[PDB]
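Working notes for the structure below.
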Amino acid sequence: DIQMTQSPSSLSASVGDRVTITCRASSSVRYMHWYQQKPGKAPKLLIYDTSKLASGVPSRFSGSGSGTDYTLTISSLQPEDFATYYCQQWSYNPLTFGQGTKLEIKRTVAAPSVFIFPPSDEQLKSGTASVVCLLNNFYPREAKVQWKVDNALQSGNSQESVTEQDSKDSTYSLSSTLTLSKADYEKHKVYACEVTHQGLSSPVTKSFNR
Amino acid sequence: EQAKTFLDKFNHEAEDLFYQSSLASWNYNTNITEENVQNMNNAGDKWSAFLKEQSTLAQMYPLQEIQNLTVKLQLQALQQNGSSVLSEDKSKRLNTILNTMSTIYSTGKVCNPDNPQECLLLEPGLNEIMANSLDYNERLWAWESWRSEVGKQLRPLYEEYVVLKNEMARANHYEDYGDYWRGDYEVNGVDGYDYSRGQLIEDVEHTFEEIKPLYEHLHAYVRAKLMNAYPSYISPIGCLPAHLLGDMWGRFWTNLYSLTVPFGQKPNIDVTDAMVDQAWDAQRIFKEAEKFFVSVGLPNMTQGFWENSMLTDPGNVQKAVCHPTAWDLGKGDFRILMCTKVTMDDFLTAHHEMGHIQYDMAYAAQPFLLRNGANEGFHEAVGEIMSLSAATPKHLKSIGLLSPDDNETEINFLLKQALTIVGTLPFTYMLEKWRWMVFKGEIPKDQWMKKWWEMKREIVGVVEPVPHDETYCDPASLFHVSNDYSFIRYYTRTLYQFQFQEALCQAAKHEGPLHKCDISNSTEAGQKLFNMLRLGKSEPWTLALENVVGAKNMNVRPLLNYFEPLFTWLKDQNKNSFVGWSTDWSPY
Amino acid sequence: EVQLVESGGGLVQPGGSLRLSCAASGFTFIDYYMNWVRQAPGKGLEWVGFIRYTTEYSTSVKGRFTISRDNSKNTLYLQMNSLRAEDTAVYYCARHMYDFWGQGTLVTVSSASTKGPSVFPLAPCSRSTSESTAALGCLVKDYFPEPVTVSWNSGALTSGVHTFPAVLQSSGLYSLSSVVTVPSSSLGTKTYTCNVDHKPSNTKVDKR
Ligand SMILES: [Zn+2]
């Protein structure tokens with residue numbers, strides 16, 4: 001069958017810059033078709049036919065290509081262009097896509113606002129404890145979130161969730177939850193959570209006393 | 001295979017638009033008025049823009065390795081094209097010219113000189129004189145008065161017509177506007193069977209040499225027996241006067257049968273006297289043509305045909321084109337504009353025009369872009385095959401036009417056919433050859449009518465009763481020239497006509513002279529043609545011919561075998577007359 | 001308008017069957033190609049199949065799926081006769097031609113049964129260090145079918161609301177957080193209600 005793959009399998013770029021994504025097909029030189037998929041929503045057609053903007057797509061976008069090498073470019077990258085971009089074949093009996101390209105938008109480094117939440121009343125009657133910490137409105141995504149109980153690092157029984165970039169701020173929000181048995185929660189007092197991040201002059205920690 | 005999708009939306013719009021344009025043209029011919037001129041212009045402009053659009057789009061889909069050949073052919077057809085052919089001014093000028101040449105020809109009045117407000121039209125008036133009158137003074141009046149009051153006004157129009165028609169052909173990658181017409185016969189890309197645009201001329205001039213022995217003896221015979229009708233007016237050496245040849249253009253010598261009967265005491269083979277005696281209506285002629293196709297194995301005509309077509313003249317107030325016209329409007333609508341006369345002429349023309357439709361009905365089974373007929377001569381040959389069969393003395397007996405019944409009769413009939421058929425072979429060769437030499441820039445406007453009388457005397461054997469200034473335009477006084485149409489079809493037709501008949505007379509199990517053969521109550525011959533009739537453009541005319549006859553080209557041999565008994569006879573009777581003609585005789 | 005509307009089932013047992021459907025309007029149905037695509041949560045886009053009225057499939061699904069039209073209802077159907085856990089993905093319908101997308105429906109294939117969530121609200125102790133703004137939230141825990149809806153203040157508040165992806169626990173059950181970012185001066189004054197619908201289990205919960 002026919003295949004294709006995009007050269008930047010991932011791409012980080014800054015606001016307002018001149019950016020480019022490239023797809024290399026395996027075997028043919030055909031009218032290529034581009035799509036822009038915002039996460040959590042359906043893929044939206046960007047370039048109906050190479051160098052022809054799909055209806056509704058603004059002048060900032062442009063496509064081109066020849067050979068097996070077809071490209072997509074944006075004149076001035078807007079903060080609202082965070083997406084994963086795909087290419088469609090339209091050419092042969094086996095329709096296919098390739099390795100998608102995810103684009104992340106760069107911005108001034110920003111430190112998270114750190115919040116911590118104790119487990120709920122019902123949850124403690126139920127039998128376990130979920131201690132929750134939030135990292136709201138920060139860039140870049142990269143951060144280490146470490147749970148401490150009576151200053152002992154808790155390894156395991158901790159999980160994290162990452163939002164997609166806010167299309168206006170280009171910032172992330174990240175949650176972290178520590179799952180304990182009620183008995184282990186009752187056995188301790190000082191519950192803290194420490195965050196390391198570029199935007200921080202030093203690691204930050206929030207806490208509560210049981 | 002991916003573009004079979006596109007062709008469905010083409011066919012959907014093409015059939016709506018083709019019908020839209022074709023009906024607006026029908027409205028005009030039926031009812032000449034500004035109601036229908038502007039509709040015929042607009043629907044034509046829209047249909048034409050669609051074609052140049054859709055050809056541009058088909059050229060965005062190249063053709064290779066498509067197995068369902070239906071798609072391969074519809075694409076190849078779209079590839080033939082009109083591309084950016086004209087500016088709006090030049091489209092609107094040709095529209096105005098041909099909305100005027102067709103109007104002048106079909107509405108042109110001739111004032112009777114003894115009263116300047118009394119007038120007469122070509123159909124049926126002036127052609128009544130040219131066909132039946134035996135008064136030289138009167139036949140001459142009708143003949144020139146048309147070419148003077150009507151044929152002169154047509155000249156500067158055909159003059160601009162030539163300019164812009166020739167620019168069109170080059171824009172679509174042709175040699176000249178005559179080459180555009182000549183390309184109808186081109187077979188290209190096929191390995192074992194092919195044909196060039198120029199080969200049409202090589203074949204026409206080549207086979208035309210085999211006509212001259214039969215035509216010159218027919219010429220001398222007509223000359224000797226016209227001299228017994230127009231005593232002191234015709235030379236026993238020179239060329240015949242044009243206005244004495246049975247019609248206003250000297251095309252069909254049919255009407256000279258009245259004057260050239262080989263055996264006058266035989267019961268009349270020309271059944272016009274009987275058709276008037278039996279009070280035949282215009283429909284009965286077509287009913288009795290519909291029946292013949294049924295006896296071939298073919299369907300009845302449609303109910304739309306019988307309540308849409310204008311088979312008689314309208315009231316004199318309603319101006320109309322009256323030349324026999326057969327329509328495929330698309331979408332199943334079939335019409336004919338006969339304006340029928342009660343005569344064997346329009347009788348055998350009814351089988352001709354109805355043969356057009358039966359060919360249209362047959363190839364309606366193929367997609368839109370193949371619904372044209374194999375070529376020009378094929379679309380005409382289908383009608384002549386049938387009329388040739390319907391006209392036999394045998395078939396005329398069975399119809400009821402001849403009461404129950406010879407070497408003398410066989411010649412008596414065979415001359416009438418030669419007068420109609422053979423008389424037009426040199427007239428046709430002359431006409432388009434002149435038009436092509438004008439399109440190729442070989443005859444200047446200084447020498448248009450000069451070269452026309454040149455060819456009348458030398459090639460056809462016909463003269464001007466009064467030498468004409470260049471002011472006249474004599475070819476445009478004819479329908480096929482005035483209304484933009486091609487004529488070389490009629491030469492190829494006649495040769496096709498007798499190839500096919502020879503093949504059909506084997507299927508119908510004739511065992512005899514092609515002269516006596518008709519196709520009636522013969523499924524074998526109907527199945528044989530209908531196999532081919534459906535093809536349209538799906539196959540090149542070269543193979544559509546070879547799949548019915550043994551030949552893969554236009555051929556003159558069976559034509560002569562149809563007439564060989566008349567040729568032997570004409571050689572006997574012309575020892576008392578000069579056979580050739582003088583290049584320079586002029587009754588002036 | 002050009003409109004594709006998709007519907008179908010959610011959680012189905014492996015080795016079982018399920019039929020999806022999409023309705024189309026704003027255009028002639030039979031003038032277009034109708035296609036199913038497929039996006040496993042952690043994969044790119046796959047072609048599932050094509051219908052002109054030819055019908056073609058990707059190799060992965062031809063032995064298991066069937067695509068059908070009703071060109072008078074203006075609908076596209078996908079019938080999945082034999083399902084693998086591999087077939088778990090969001091299924092989209094699309095209009096292709098010589099584009100517009102409906103919004104995908106999540107078909108999840110795994111053996112475990114629907115459970116439904118427990119909602120555990122969240123709030124920090126009074127702290128004036130987190131003072132330019134203060135976070136409120138609620139945690140939804142231990143629900144197997146992934147579709148879940150979180151609204152706040154009966155769908156009113158959206159200005160500061162963020163909702164996190166569901167994560168898979170050791171238990172094989174899913175859970176997620178949710179947060180509203182509010183001025184710290186409104187914590188004790190304005191109400192903020194966590195509104196949760198888990199349609200697969202028919203669970204409605206409203207808490208503060
Ligand atoms: Zn004809």
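The count begins at 1 with the first shown residue.
The way this entry was determined, per its header, is X-ray crystallography, 3.8 Å.
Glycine residues also receive a Cβ, built from the backbone N, Cα and C atoms like all the rest.
Taken from Swiss-Prot, the feature active site, proton acceptor applies to B:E353, supported by sequence analysis. The Cβ of B:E353 (active site, proton acceptor) lies under 8 Å from the Cβ of B:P324, B:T325, B:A326, B:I336, B:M338, B:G383, each of which sits 6+ residues away along the same chain. Look at B:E353 (active site, proton acceptor): DSSP puts it in a helix.
Less than 8 angstroms from the CB of B:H480 (active site, proton donor) sit B:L431, B:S486, B:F487, each of them six or more residues away in the same chain. For the recorded site, B:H480 (active site, proton donor), the DSSP three-state label reads helix. Marked as active site, proton donor by Swiss-Prot: B:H480.
Long-range Cβ contacts of B:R147 (chloride binding site) within its own chain (separation 6+, distance under 8 Å): B:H468, B:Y472, B:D474, B:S477. The chloride binding site feature in Swiss-Prot is assigned to B:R147, B:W452, B:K456; the stated evidence is experimental evidence.
Feature annotation from Swiss-Prot assigns substrate binding site to B:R251, B:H323, B:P324, B:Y490; the stated evidence is a curator's inference. According to its DSSP assignment, B:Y490 (substrate binding site) is helical. For B:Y490 (substrate binding site), the same-chain residues lying six or more positions away in sequence with a CB closer than 8 A to its CB are B:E380, B:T424, B:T428.
Among the features that Swiss-Prot reports, Zn(2+) binding site is placed at B:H352, B:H356, B:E380, with the record citing experimental evidence. Long-range neighbours of B:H352 (Zn(2+) binding site) (same chain, six or more residues apart, CB within less than 8 Å of its CB): B:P324, B:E380, B:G383, B:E384, B:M386, B:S387.
With a cut-off of 8 Å between CB atoms and residues at least 6 apart in sequence, the same chain places B:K109, B:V110, B:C111, B:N112 near B:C119 (disulfide bond), listed in sequence order. Marked as disulfide bond by Swiss-Prot on the basis of experimental evidence: B:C111-B:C119 (among others).
According to Swiss-Prot, the disulfide bond annotation covers B:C322-B:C339 (among others). Residue environment of B:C322 (disulfide bond) contains 22 other Cβ atoms, counted within 10 Å of its Cβ in all protein chains.
Classification of B:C517 (disulfide bond) by DSSP places it in coil, neither helical nor stranded. Marked as disulfide bond by Swiss-Prot on the basis of experimental evidence: B:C505-B:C517 (among others).
Within 10 Å of the C-beta of B:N31 (N-linked glycosylation site) we count 14 further C-beta atoms, all protein chains included. The annotation N-linked glycosylation site is assigned in Swiss-Prot to B:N31 (among others).
Per Swiss-Prot, the feature N-linked glycosylation site maps to B:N68 (among others). All protein chains considered, the CB of B:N68 (N-linked glycosylation site) has 9 other CB atoms within 10 Å.
Its Cβ placed at the centre, B:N81 (N-linked glycosylation site) has 16 other Cβ atoms within 10 Å. Here Swiss-Prot flags B:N81 (among others) as N-linked glycosylation site.
Residues or ranges marked as N-linked glycosylation site in Swiss-Prot: B:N300 (among others). Neighbour density for B:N300 (N-linked glycosylation site): within 10 A of its CB lie 11 other CB atoms from the protein chains shown.
According to DSSP, B:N407 (N-linked glycosylation site) is assigned to a helical segment. Look at Swiss-Prot and you will find B:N407 (among others) tagged as N-linked glycosylation site.
Here Swiss-Prot flags B:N521 (among others) as N-linked glycosylation site, drawing on experimental evidence. Counting every protein chain shown, the number of other Cβ atoms lying within 10 Å of the Cβ of B:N521 (N-linked glycosylation site) is 12.
If you look up Swiss-Prot, you'll see B:8-19 (among others) marked as region 'Interaction with SARS-CoV spike glycoprotein', on the strength of experimental evidence. Across the range of the region 'Interaction with SARS-CoV spike glycoprotein' (B:8-19), the DSSP-based residue counts are 12 helix, 0 strand, 0 coil.
Taken from Swiss-Prot, the feature region 'Interaction with SARS-CoV spike glycoprotein' applies to B:331-335 (among others). Long-range Cβ contacts of the region 'Interaction with SARS-CoV spike glycoprotein' (B:331-335) within its own chain (Cβ-Cβ under 8 Å, at least 6 residues beyond either end) map to 15, 19, 23, 26, 301-302, 304-305, 308-309, 357, 360-361, 364.
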All-chain count of other Cβ atoms within 10 Å of B:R251 (substrate binding site): 21
B:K456 (chloride binding site) and B:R251 (substrate binding site), Cα-Cα, nearest whole angstrom: 11
Which same-chain residues, if any, lie at least 6 apart from B:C505 (disulfide bond) yet have Cβ under 8 Å of it: B:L514, B:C517, B:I519
Secondary structure of B:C339 (disulfide bond) (DSSP, helix/strand/coil): coil
Span of the chloride site, taken as the largest CA to CA distance across B:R147, B:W452, B:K456 (Å, rounded to a whole number): 16
Candidates near ligand 1 among the recorded positions B:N81, B:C119, B:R147, B:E380, B:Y490, judged by a Cβ under 6 angstroms: B:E380
In three-state DSSP terms, the structure that B:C111 (disulfide bond) belongs to: strand
Cα proximity to B:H323 (substrate binding site), best match among recorded positions B:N68, B:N407, B:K456: B:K456
Residue pair B:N521 (N-linked glycosylation site), B:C322 (disulfide bond) - Cα distance, angstrom, rounded: 32
